[PDB]
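In structure tokens, one chain follows: the form described as "closed conformation" in its entry title.
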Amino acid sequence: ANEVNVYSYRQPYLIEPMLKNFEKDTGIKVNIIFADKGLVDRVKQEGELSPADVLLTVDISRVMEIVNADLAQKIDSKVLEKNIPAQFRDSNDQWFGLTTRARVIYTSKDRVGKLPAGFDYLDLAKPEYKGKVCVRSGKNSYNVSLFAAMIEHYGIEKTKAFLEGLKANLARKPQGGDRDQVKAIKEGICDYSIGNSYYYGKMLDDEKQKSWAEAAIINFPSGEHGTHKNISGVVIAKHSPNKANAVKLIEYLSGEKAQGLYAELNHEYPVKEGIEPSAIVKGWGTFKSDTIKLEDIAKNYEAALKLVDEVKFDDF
């Protein structure tokens, strides 16, 4: 066959455009399965008979789970070397970042306005925000990786206290995704949410959700450690049965065209130097990105997940 088998943690609407362009431009057929969980364990249990070629991630911690479990292989590509800056790929060539995203704080336009300079994630645990914060499941990987970064910066005790305070301030039982929290802001249920940056652009582009975005302000935390960054990523599976095609896919996704699609269609930040963000994303302005090393986020993921369970974050 002339195919590549993709296991995707990315949502269809945020990856199918790139994959369809890849199919058209290369002639390689994409077979894709989607999930929110269980794909790493699936590759592991499938073992040497796994058909997986490419694992698409939305989180550095998932990437490292795959790589640490010896489920990846090293890819030595001059195309990836050129297209992906070194800070967004494994020094040992087993994973590759394709975009970055910020986990931001959305606020009610009407009831909060823009956050002041210096506002940090930690501030969301302060008693003045009781009943005013919406967050999706604390066990969602975007949240766990944020909390993992917080462990690196503040330690486990202060991060646990933060999670207790954040939980205490929730306006409702964690439910829905990042966009749904912004709907809740629009409807007046909460005044603050945590969510990824690109969703704001997706909502603005959606006729049914632009009113949600219009009721909210995107804020990039500007405390000591700035705004949390994470990546969409990719690994080629250890036993990739269509490895040449897999390499062609990840090389394609790293290229000028696909990076432009990530920027323009997804409102993510491309990794490739020289590729501009969308007009919407540019309009948000710049911000201070956390300088934490991507691997040091992942290092703390399991501890962060344990904290989320300990504080029973999702139990209202």
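All residue numbers refer to positions in the sequence shown, first residue = 1. Rigid core here is just the name for the largest C-alpha set that superposes within 1.5 Å across the two forms.
Colleague: Please compare 60-68 with 34-42 and name the stretch with the higher mean C-alpha B-factor in the deposited structure.
Modeller: The deposited B-factors put 34-42 ahead on the C-alpha mean.
Colleague: Taking the mean of the C-alpha B-factors per stretch from the entry, tell me the winner out of 274-282 and 258-266.
Modeller: The stretch with the larger mean CA B-factor is 274-282.
Colleague: Per the coordinate record, which of the options 90, 207, 180, 164 holds the highest CA temperature factor?
Modeller: Of 90, 207, 180, 164, 207 has the highest C-alpha B-factor.
Colleague: Highest Cα B-factor in the PDB entry belongs to which of 158, 243, 82, 103?
Modeller: The record points to 82.
Colleague: Of the three thirds of its chain by CA temperature factor, lowest, middle or highest, which one includes residue 176?
Modeller: Middle third - that is where residue 176 ends up once the chain's C-alpha B-factors are sorted.
Colleague: Is the Cα B-factor recorded for residue 109 in the lowest, middle or highest third of its chain?
Modeller: CA B-factor rank for residue 109: middle third.
Colleague: So where's residue 95 on the chain's Cα temperature factor ranking, which third?
Modeller: Its C-alpha B-factor belongs to the middle third of this chain's values.
Colleague: Within this chain, which third does the Cα B-factor at residue 22 fall in: lowest, middle or highest?
Modeller: For residue 22, the deposited C-alpha B-factor lands in the highest third.
Colleague: Lowest, middle or highest third: where is residue 139 by Cα B-factor in its chain?
Modeller: Tercile = middle for this residue's CA B-factor.
Here the subject shifts to the form described as "open conformation" in its entry title, a form of this protein not shown in this document.
Colleague: After aligning the rigid core, which of 209, 245, 141, 169 is the one whose Cα travels 2 Å or more between the shown form and the other one?
Modeller: After core superposition, the one over threshold is 245.
Colleague: Is residue 191 one of the residues whose Cα moves 2 Å or more between the shown form and the other one, with the core superposed?
Modeller: After core superposition, the displacement of the residue 191 C-alpha between the shown form and the other one stays below 2 Å, so no.
Colleague: Would you say residue 15 moves its Cα by 2 Å or more between the shown form and the other one, aligning on the core?
Modeller: Where the cores coincide, residue 15 still shows a C-alpha shift between the shown form and the other one that is 2 Å or more.
Colleague: After the core is matched up, is the C-alpha of residue 281 off by 2 Å or more between the shown form and the other one?
Modeller: No, because once the rigid core is superposed, the C-alpha of residue 281 moves less than 2 Å between the shown form and the other one.
Colleague: Can you confirm the direction of the Cα distance change for residue 177 and residue 12 in the other entry, closer or farther than in this form, given it is 3 Å or more?
Modeller: They are farther apart; the C-alpha distance rises by 3 Å or more in the other entry.
Colleague: By 3 Å or more, the Cα spacing of residue 81 and residue 293 differs in the other entry; is it closer or farther than in this view?
Modeller: Compared with this form, residue 81 and residue 293 lie closer in the other entry.
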